[PDB]
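One structure is given here, and the rest of the page talks about it.
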Amino acid sequence: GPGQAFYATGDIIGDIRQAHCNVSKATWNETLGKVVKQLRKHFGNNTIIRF
Amino acid sequence: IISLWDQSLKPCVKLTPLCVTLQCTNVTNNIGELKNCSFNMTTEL
Amino acid sequence: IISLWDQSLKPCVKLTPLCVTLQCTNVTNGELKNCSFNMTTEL
Amino acid sequence: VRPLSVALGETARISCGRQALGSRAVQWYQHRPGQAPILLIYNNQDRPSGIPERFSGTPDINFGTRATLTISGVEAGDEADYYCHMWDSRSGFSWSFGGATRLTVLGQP
Amino acid sequence: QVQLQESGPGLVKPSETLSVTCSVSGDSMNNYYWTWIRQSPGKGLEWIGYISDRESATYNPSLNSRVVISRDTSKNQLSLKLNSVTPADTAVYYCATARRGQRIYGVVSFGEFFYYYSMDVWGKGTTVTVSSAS
Ligand SMILES: *[C@@H]1O[C@H](CO)[C@@H](O[C@@H]2O[C@H](CO)[C@@H](O[C@@H]3O[C@H](CO)[C@@H](O)[C@H](O[C@H]4O[C@H](CO)[C@@H](O)[C@H](O)[C@@H]4O)[C@@H]3O)[C@H](O)[C@H]2NC(C)=O)[C@H](O)[C@H]1NC(C)=O
Ligand SMILES: *[C@@H]1O[C@H](CO)[C@@H](O[C@@H]2O[C@H](CO)[C@@H](O)[C@H](O)[C@H]2NC(C)=O)[C@H](O)[C@H]1NC(C)=O
Ligand SMILES: *[C@@H]1O[C@H](CO)[C@@H](O[C@@H]2O[C@H](CO)[C@@H](O)[C@H](O)[C@H]2NC(C)=O)[C@H](O)[C@H]1NC(C)=O
Ligand SMILES: *[C@@H]1O[C@H](CO)[C@@H](O[C@@H]2O[C@H](CO)[C@@H](O)[C@H](O)[C@H]2NC(C)=O)[C@H](O)[C@H]1NC(C)=O
Ligand SMILES: *[C@@H]1O[C@H](CO)[C@@H](O[C@@H]2O[C@H](CO)[C@@H](O)[C@H](O)[C@H]2NC(C)=O)[C@H](O)[C@H]1NC(C)=O
Ligand SMILES: *[C@@H]1O[C@H](CO)[C@@H](O)[C@H](O)[C@H]1NC(C)=O
Ligand SMILES: *[C@@H]1O[C@H](CO)[C@@H](O)[C@H](O)[C@H]1NC(C)=O
Ligand SMILES: *[C@@H]1O[C@H](CO)[C@@H](O)[C@H](O)[C@H]1NC(C)=O
C-alpha cells in the first residue's frame, strides 16, 4: 500500500533443503549420564529412568 | 520482556493487507513445507 | 524540535487514501496542475 | 540444434541450454553421426577412462558457472553431437536428455 | 566384450506390435543393469525407459506407456515390444546399460539425495520403416 511494504520470501536458491540441528552423540550421551545420575540421586538412589 | 517485545513491535509494518485469498501451489517438482503462494495485493496506488 | 514536530503531527488527519491515480491535466494558463481523482466519501 | 563453428587448435567452450536450476550433475555424450555414441564427463568432474585429456569437465561451485564442456585442441575426431544431460535437483528426475548441438570445425587442413 | 546384438523384423505396418531383442554376451546379466535407448531421424536420442533387477519396468510418460519392455534370463536377452506401432516409429533402436549412480546433496537419513542414471556401453541399433511397403 502507500508508504506500506512487506518483505516476502524469494526463490530458495540451490536445492530445496530443510533446517537441521546436529548434536554430538558422545557429548549428549555423557551429559544424559550426568543428568540421569543426579535424577536417580534425587528420585531414590538408582531407578529405571527412560528419557 | 513482554513489554519490551511489544514496544519494539508497535512501530514496524502492519500486515493487515496480507489477509487475502492465496492461490497457492507446491515447489517440490517430484517426490509440503514450501508453498509457492500467488495472491493479490494493493500496490502504492 | 524533531520530537515536537512528530508529536504534533500525530493527532491530525492521515492522508493515506489520497494515494490514487490522479488524472491530472495542465491548469488554465507548469507550477500548477489541475488534478481530478477519486476519494472515498463518508459511506 | 545449435551449429557451432570452431577453428582448429586453441580452446573451445561448449555450454548447453537448460539452466542449472539448483545443484546440477551433468552428463555429456558424443553422438557421432551414424555410429554409436559415448559418454565423456560425468558427475561434473569424473571423466571415464578411454577419453582424451583434450576434454575437461566443469567442476561445480554450487552456483555460477553452467554445464560447460571444454574442448582443448579440437581435432578431426570431434565432429559429432554434444549432449547436455543435466540432473538438476530442482527439476527432479532428469528423464529427458535435452536437445542436440553440433560442432562443425572450420579452418581444418 | 559386452556386445548388445539387436535383431528386429525391419518391416512393420501401423498399429501392430514390433519386437526387437538385445542379446548380451561376454559379461554376466546379474552384475549390472541394462535399459533401452532409441533415436529418431530428425530428432535427438529418445529413451524407451529403463528396466532394473526388480523388473518393475519404469516406462516413459512421453511415450504414453504404449510400449512393452521386459527381459529373459534363459536366452540372456533384453526384450522390447512395441504394441500399436505409431507411424512415427520409423527410428533406430539402440540398447543401453544402466549404472545406478548415487548423487547425494544432503543427508541420507532424511532422503535428501537422488539417483542419477549413468550409461557406459551402448549397442548399434536397427532402423525400421512403418508403412504399407514391405
Ligand atoms: C549436520 O547434519 C548432518 C549430520 O551428520 C551432516 O550433513 C551434511 O550436510 C552437508 C551439507 O551441508 C552434506 O554435503 C554434501 O555431501 C555430498 C556427499 O557426496 C556432496 O556431494 C555435496 O557436495 C556439494 O557440492 C558439490 C560441488 O558444488 C555439489 O555438486 C553438490 O550438489 C553439493 O552441493 C555436499 O558436500 C553432507 O553430505 C551431509 N552429511 C554428512 C555425512 O556430512 C553434517 O554434519 C551437518 N550438516 C550441515 C552442517 O550442513
Ligand atoms: C513460484 O511461482 C512463480 C510464478 O510462476 C515463479 O516465478 C516466475 O517464474 C517464471 C518462470 O517459471 C518467470 O518467467 C517469472 O518471471 C517468475 N516471476 C513471476 C513474477 O511470475 C517462482 O519461481 C516460483 N517459485 C518457486 C520456488 O517455485
Ligand atoms: C487477482 O485479481 C485478478 C483481477 O482480474 C483476478 O483475476 C480473475 O480471476 C478469476 C478467478 O478468480 C478469473 O475467472 C478471471 O478471468 C480473472 N480475470 C482476469 C482479467 O485475469 C485474480 O483471480 C485475483 N487473484 C486472486 C489470488 O484473488
Ligand atoms: C479544475 O478542473 C475543475 C473541473 O473541470 C474546474 O471546476 C469546474 O469548472 C467548470 C467550468 O469550467 C464548472 O462548471 C464546474 O462546476 C467546476 N467544478 C466541478 C465540480 O466540475 C476547476 O475550475 C479547474 N481549476 C482550474 C483553476 O483550472
Ligand atoms: C474514479 O472511478 C471511476 C470508476 O468508474 C473511473 O471511471 C472510469 O474512468 C475511465 C477513464 O479512466 C473511463 O474510461 C470509464 O468509462 C469510467 N467509468 C465510469 C463508469 O465512469 C474514474 O475515471 C475514476 N477517476 C479518475 C479521475 O480517474
Ligand atoms: C559446529 O561447528 C564448528 C565449526 O563452526 C565445529 O568445530 C563443531 O564441531 C560443530 N559441532 C558439531 C556438533 O557438529
Ligand atoms: C501440494 O499441494 C497439495 C494441495 O493442493 C497438498 O496436499 C500437498 O501436500 C502439497 N505438497 C506436495 C508435496 O504435493
Ligand atoms: C503540460 O504539463 C506538462 C507536465 O510535465 C508540462 O511539461 C507542460 O509544459 C504543460 N503544458 C504544455 C503546453 O504541454
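Residue names in the C-alpha cells use chain letters A, B, ... in the order shown, residue numbers from 1 in each chain, and ligand numbers from 1 in the order shown.
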
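The contact shell of ligand 6, defined as all polymer residues within 12 Å when only C-alpha atoms and all ligand atoms are used, comprises residues 20, 21, 22, 23, 24, 25, 26, 27 and 28 of chain A.
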
Okay, now the selection with N, CA and C atoms, as an mmCIF file, in the first residue's frame?
```cif
data_model
loop_
_atom_site.group_PDB
_atom_site.id
_atom_site.type_symbol
_atom_site.label_atom_id
_atom_site.label_comp_id
_atom_site.auth_asym_id
_atom_site.auth_seq_id
_atom_site.Cartn_x
_atom_site.Cartn_y
_atom_site.Cartn_z
ATOM 1 N N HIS A 20 18.378 -28.202 10.066
ATOM 2 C CA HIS A 20 18.702 -29.433 10.840
ATOM 3 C C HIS A 20 19.662 -29.083 11.982
ATOM 4 N N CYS A 21 19.423 -29.654 13.167
ATOM 5 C CA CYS A 21 20.310 -29.403 14.335
ATOM 6 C C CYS A 21 21.199 -30.633 14.568
ATOM 7 N N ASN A 22 22.515 -30.426 14.678
ATOM 8 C CA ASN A 22 23.459 -31.559 14.879
ATOM 9 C C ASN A 22 23.992 -31.535 16.314
ATOM 10 N N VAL A 23 23.723 -32.593 17.082
ATOM 11 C CA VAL A 23 24.252 -32.688 18.475
ATOM 12 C C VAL A 23 25.230 -33.872 18.525
ATOM 13 N N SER A 24 26.468 -33.633 18.966
ATOM 14 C CA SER A 24 27.441 -34.748 19.099
ATOM 15 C C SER A 24 26.823 -35.845 19.975
ATOM 16 N N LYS A 25 26.717 -37.065 19.442
ATOM 17 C CA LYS A 25 26.077 -38.175 20.198
ATOM 18 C C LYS A 25 26.850 -38.409 21.505
ATOM 19 N N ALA A 26 28.184 -38.421 21.439
ATOM 20 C CA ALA A 26 29.007 -38.693 22.641
ATOM 21 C C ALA A 26 28.716 -37.649 23.722
ATOM 22 N N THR A 27 28.742 -36.365 23.353
ATOM 23 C CA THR A 27 28.514 -35.288 24.342
ATOM 24 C C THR A 27 27.129 -35.449 24.927
ATOM 25 N N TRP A 28 26.129 -35.684 24.076
ATOM 26 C CA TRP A 28 24.735 -35.781 24.575
ATOM 27 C C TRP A 28 24.611 -36.987 25.512
#
```

Inset, instruction - Could the residues that lie within 10 Å of ligand 4, counting only C-alpha atoms and all ligand atoms, be listed as a PyMOL selection string? - result: chain C and resi 24-29+32-36

Go ahead and save the residues from that selection, with N, CA and C atoms, as a tab-separated table (two decimals), in the first residue's frame.
```tsv
chain	number	residue	atom	x	y	z
C	24	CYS	N	-4.63	14.02	-14.06
C	24	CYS	CA	-4.29	15.42	-13.93
C	24	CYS	C	-3.95	16.02	-15.28
C	25	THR	N	-4.49	17.21	-15.53
C	25	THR	CA	-4.23	17.96	-16.75
C	25	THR	C	-3.59	19.30	-16.39
C	26	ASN	N	-3.08	19.98	-17.42
C	26	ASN	CA	-2.46	21.31	-17.20
C	26	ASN	C	-3.53	22.32	-16.81
C	27	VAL	N	-3.26	23.12	-15.77
C	27	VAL	CA	-4.18	24.15	-15.33
C	27	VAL	C	-4.34	25.19	-16.43
C	28	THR	N	-5.42	25.96	-16.35
C	28	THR	CA	-5.65	27.02	-17.32
C	28	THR	C	-4.56	28.09	-17.21
C	29	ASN	N	-3.86	28.32	-18.31
C	29	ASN	CA	-2.77	29.28	-18.34
C	29	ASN	C	-2.47	29.77	-19.75
C	32	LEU	N	1.62	24.52	-11.62
C	32	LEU	CA	0.24	24.42	-11.14
C	32	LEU	C	-0.45	23.36	-12.00
C	33	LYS	N	-0.94	22.31	-11.35
C	33	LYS	CA	-1.58	21.19	-12.03
C	33	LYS	C	-2.98	20.99	-11.48
C	34	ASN	N	-3.96	20.96	-12.40
C	34	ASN	CA	-5.37	20.70	-12.02
C	34	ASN	C	-5.60	19.19	-12.14
C	35	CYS	N	-5.75	18.51	-11.01
C	35	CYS	CA	-5.89	17.06	-10.98
C	35	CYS	C	-7.30	16.68	-10.52
C	36	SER	N	-7.95	15.81	-11.28
C	36	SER	CA	-9.21	15.19	-10.89
C	36	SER	C	-8.96	13.74	-10.54
```

Legend entry - Selection: 6 Å around residue E:19, only C-alpha atoms, excl. self and same-chain fewer than 6 positions, as a VMD selection string: chain E and resid 8 80 to 81

Would you save the residues of that selection, restricted to C-alpha atoms, as a short mmCIF file (atom, residue, chain, number, x, y, z; two decimals), in the first residue's frame?
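Saved as part-v1.cif:
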```cif
data_model
loop_
_atom_site.label_atom_id
_atom_site.label_comp_id
_atom_site.auth_asym_id
_atom_site.auth_seq_id
_atom_site.Cartn_x
_atom_site.Cartn_y
_atom_site.Cartn_z
CA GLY E 8 14.11 -56.83 -35.45
CA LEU E 80 11.35 -54.67 -26.13
CA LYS E 81 7.83 -54.98 -27.55
#
```

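For residue B:27, the residues within 10 Å (counting only C-alpha atoms, excluding itself and residues fewer than 6 positions away along the chain) are residues 11, 12 and 16 of chain A; 33, 34, 35, 36 and 37 of chain B; 90 of chain D.
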
Inset, instruction - Would you mind reading off the distance between atom CA of residue D:72 and atom CA of residue D:26, one decimal, in Å? - result: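 Atom CA of residue D:26 lies at a distance of 19.1 Å from atom CA of residue D:72.
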
Inset, instruction - Using only C-alpha atoms and all ligand atoms, find each residue with an atom at most 8 Å away from ligand 3 and format the answer as a PyMOL selection string. - result: chain B and resi 20-23+38-40

Could you save those same residues with C-alpha atoms as a PDB file, in the first residue's frame?
```pdb
ATOM      1  CA  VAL B  20      -6.127 -12.438   1.109  1.00  0.00           C
ATOM      2  CA  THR B  21      -7.116 -15.495  -0.910  1.00  0.00           C
ATOM      3  CA  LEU B  22      -3.790 -17.262  -1.514  1.00  0.00           C
ATOM      4  CA  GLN B  23      -3.853 -19.140  -4.812  1.00  0.00           C
ATOM      5  CA  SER B  38       0.303 -16.431  -5.543  1.00  0.00           C
ATOM      6  CA  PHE B  39      -2.079 -13.754  -4.310  1.00  0.00           C
ATOM      7  CA  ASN B  40      -3.307 -10.207  -4.867  1.00  0.00           C
TER       8      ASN B  40
END
```

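For ligand 5, the set of protein, DNA and RNA residues within 9 Å, based on only C-alpha atoms and all ligand atoms, reads residues 20, 21, 22, 23, 24, 35, 36, 37, 38 and 39 of chain C.
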
Inset, instruction - Compute the chain D side of the contact with chain A at 12 Å, counting only C-alpha atoms, and hand it back as a PyMOL selection string. - result: chain D and resi 20-24+61-64+87-92

Can you write just those residues out, N, CA, C and O atoms, as a CSV table (one decimal), in the first residue's frame?
```
chain,number,residue,atom,x,y,z
D,20,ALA,N,21.0,-24.4,-14.9
D,20,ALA,CA,21.3,-25.2,-13.8
D,20,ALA,C,20.4,-24.7,-12.6
D,20,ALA,O,20.9,-24.1,-11.6
D,21,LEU,N,19.1,-25.0,-12.6
D,21,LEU,CA,18.2,-24.7,-11.6
D,21,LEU,C,18.5,-25.6,-10.4
D,21,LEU,O,18.1,-26.8,-10.4
D,22,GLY,N,19.2,-25.1,-9.4
D,22,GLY,CA,19.7,-25.9,-8.3
D,22,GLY,C,21.0,-26.6,-8.6
D,22,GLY,O,21.6,-26.4,-9.7
D,23,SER,N,21.5,-27.4,-7.7
D,23,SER,CA,22.8,-28.1,-7.8
D,23,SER,C,22.6,-29.1,-9.0
D,23,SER,O,21.6,-29.8,-9.0
D,24,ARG,N,23.6,-29.2,-9.9
D,24,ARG,CA,23.5,-29.9,-11.1
D,24,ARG,C,24.5,-31.1,-11.1
D,24,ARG,O,25.6,-31.0,-10.5
D,61,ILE,N,30.6,-25.3,-8.2
D,61,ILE,CA,31.0,-24.4,-7.1
D,61,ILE,C,29.6,-24.1,-6.5
D,61,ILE,O,29.4,-23.1,-5.7
D,62,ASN,N,28.6,-24.9,-6.8
D,62,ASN,CA,27.3,-24.9,-6.2
D,62,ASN,C,26.4,-23.7,-6.8
D,62,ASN,O,25.2,-23.6,-6.5
D,63,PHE,N,27.0,-23.0,-7.7
D,63,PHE,CA,26.3,-21.8,-8.3
D,63,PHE,C,27.2,-21.3,-9.5
D,63,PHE,O,28.3,-21.9,-9.8
D,64,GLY,N,26.8,-20.3,-10.1
D,64,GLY,CA,27.6,-19.5,-11.0
D,64,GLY,C,27.7,-20.2,-12.4
D,64,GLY,O,26.8,-20.0,-13.3
D,87,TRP,N,21.3,-33.4,-14.5
D,87,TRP,CA,20.4,-33.9,-13.4
D,87,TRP,C,20.3,-32.8,-12.3
D,87,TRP,O,20.6,-33.1,-11.1
D,88,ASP,N,19.7,-31.6,-12.7
D,88,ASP,CA,19.5,-30.6,-11.6
D,88,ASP,C,18.5,-31.1,-10.6
D,88,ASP,O,17.4,-31.7,-11.1
D,89,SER,N,18.7,-30.9,-9.3
D,89,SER,CA,17.8,-31.4,-8.3
D,89,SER,C,16.4,-30.7,-8.4
D,89,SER,O,15.4,-31.5,-8.2
D,90,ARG,N,16.4,-29.4,-8.6
D,90,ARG,CA,15.1,-28.7,-8.7
D,90,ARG,C,14.2,-29.3,-9.7
D,90,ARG,O,12.9,-29.4,-9.5
D,91,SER,N,14.7,-29.7,-10.9
D,91,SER,CA,13.9,-30.3,-12.0
D,91,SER,C,13.5,-31.8,-11.7
D,91,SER,O,12.8,-32.4,-12.5
D,92,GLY,N,13.9,-32.3,-10.5
D,92,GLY,CA,13.6,-33.6,-10.1
D,92,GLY,C,14.3,-34.6,-11.0
D,92,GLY,O,15.5,-34.5,-11.2
```

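Using only C-alpha atoms, the part of chain B that sits within 12 Å of chain C is made up of residues 42, 43, 44 and 45 of chain B.
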
If you keep N, CA, C and O atoms, can you produce a file of those selected residues as a PDB file, in the first residue's frame?
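Wrote it out as again_35.pdb, contents follow:
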```
ATOM      1  N   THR B  42      -2.601  -4.821  -2.651  1.00  0.00           N
ATOM      2  CA  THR B  42      -2.740  -3.419  -3.015  1.00  0.00           C
ATOM      3  C   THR B  42      -1.354  -2.820  -3.204  1.00  0.00           C
ATOM      4  O   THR B  42      -0.492  -2.949  -2.330  1.00  0.00           O
ATOM      5  N   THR B  43      -1.133  -2.176  -4.345  1.00  0.00           N
ATOM      6  CA  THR B  43       0.136  -1.518  -4.597  1.00  0.00           C
ATOM      7  C   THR B  43       0.158  -0.154  -3.911  1.00  0.00           C
ATOM      8  O   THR B  43      -0.681   0.160  -3.062  1.00  0.00           O
ATOM      9  N   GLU B  44       1.149   0.662  -4.272  1.00  0.00           N
ATOM     10  CA  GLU B  44       1.234   2.018  -3.742  1.00  0.00           C
ATOM     11  C   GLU B  44      -0.044   2.797  -4.030  1.00  0.00           C
ATOM     12  O   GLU B  44      -0.632   3.413  -3.134  1.00  0.00           O
ATOM     13  N   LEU B  45      -0.489   2.775  -5.282  1.00  0.00           N
ATOM     14  CA  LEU B  45      -1.735   3.428  -5.663  1.00  0.00           C
ATOM     15  C   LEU B  45      -2.906   2.564  -5.216  1.00  0.00           C
ATOM     16  O   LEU B  45      -3.017   1.402  -5.619  1.00  0.00           O
TER      17      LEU B  45
END
```

Inset, instruction - Give the residue list for ligand 7 at 6 Å, counting only C-alpha atoms and all ligand atoms, as JSON, numbers by chain, sorted by chain and then by residue number. - result: {"B": [25, 26, 28, 32]}

Could you please tell me, as a PDB file with N, CA and C atoms, in the first residue's frame, which residues of chain A have an atom within 9 Å of chain C when using only C-alpha atoms?
```pdb
ATOM      1  N   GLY A   1       0.827  -1.223   0.000  1.00  0.00           N
ATOM      2  CA  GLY A   1       0.000   0.000   0.000  1.00  0.00           C
ATOM      3  C   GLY A   1       0.849   1.256   0.000  1.00  0.00           C
ATOM      4  N   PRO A   2       0.249   2.465   0.062  1.00  0.00           N
ATOM      5  CA  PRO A   2       1.018   3.745   0.144  1.00  0.00           C
ATOM      6  C   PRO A   2       1.840   3.770   1.427  1.00  0.00           C
ATOM      7  N   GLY A   3       3.146   4.023   1.307  1.00  0.00           N
ATOM      8  CA  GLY A   3       4.029   4.014   2.490  1.00  0.00           C
ATOM      9  C   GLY A   3       3.933   2.689   3.220  1.00  0.00           C
TER      10      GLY A   3
END
```

Legend entry - DSSP strand (DSSP E) residues within chain B, as a ChimeraX atom specification: /B:23-26,35-38

Could you write those residues out with N, CA and C atoms, as a PDB file, in the first residue's frame?
```pdb
ATOM      1  N   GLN B  23      -3.883 -18.096  -3.796  1.00  0.00           N
ATOM      2  CA  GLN B  23      -3.853 -19.140  -4.812  1.00  0.00           C
ATOM      3  C   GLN B  23      -2.471 -19.775  -4.812  1.00  0.00           C
ATOM      4  N   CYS B  24      -2.320 -20.888  -4.101  1.00  0.00           N
ATOM      5  CA  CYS B  24      -1.013 -21.403  -3.727  1.00  0.00           C
ATOM      6  C   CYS B  24      -0.796 -22.799  -4.290  1.00  0.00           C
ATOM      7  N   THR B  25       0.439 -23.069  -4.727  1.00  0.00           N
ATOM      8  CA  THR B  25       0.774 -24.398  -5.285  1.00  0.00           C
ATOM      9  C   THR B  25       1.941 -24.975  -4.513  1.00  0.00           C
ATOM     10  N   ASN B  26       2.578 -26.016  -5.057  1.00  0.00           N
ATOM     11  CA  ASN B  26       3.743 -26.652  -4.385  1.00  0.00           C
ATOM     12  C   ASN B  26       5.042 -26.114  -4.991  1.00  0.00           C
ATOM     13  N   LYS B  35       5.481 -23.684   0.253  1.00  0.00           N
ATOM     14  CA  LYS B  35       4.276 -23.408  -0.514  1.00  0.00           C
ATOM     15  C   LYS B  35       4.506 -22.170  -1.366  1.00  0.00           C
ATOM     16  N   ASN B  36       4.400 -22.355  -2.692  1.00  0.00           N
ATOM     17  CA  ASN B  36       4.502 -21.208  -3.635  1.00  0.00           C
ATOM     18  C   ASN B  36       3.104 -20.601  -3.725  1.00  0.00           C
ATOM     19  N   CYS B  37       2.875 -19.494  -3.026  1.00  0.00           N
ATOM     20  CA  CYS B  37       1.557 -18.886  -2.926  1.00  0.00           C
ATOM     21  C   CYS B  37       1.504 -17.631  -3.784  1.00  0.00           C
ATOM     22  N   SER B  38       0.576 -17.607  -4.734  1.00  0.00           N
ATOM     23  CA  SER B  38       0.303 -16.431  -5.543  1.00  0.00           C
ATOM     24  C   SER B  38      -0.978 -15.776  -5.051  1.00  0.00           C
TER      25      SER B  38
END
```

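The smallest atom-to-atom distance between chain D and any of E:74, E:131, E:56, E:40, using only C-alpha atoms, is found for E:40.
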
Inset, instruction - Can you work out which one of D:85, D:95, D:15, D:55 has the shortest atom-to-atom distance to chain B, counting only C-alpha atoms? - result: D:95

Legend entry - Polymer residues at most 12 Å from residue A:48, only C-alpha atoms, same-chain spacing of 4 or more positions, as a PyMOL selection string: chain A and resi 36-37+39-41+43-44
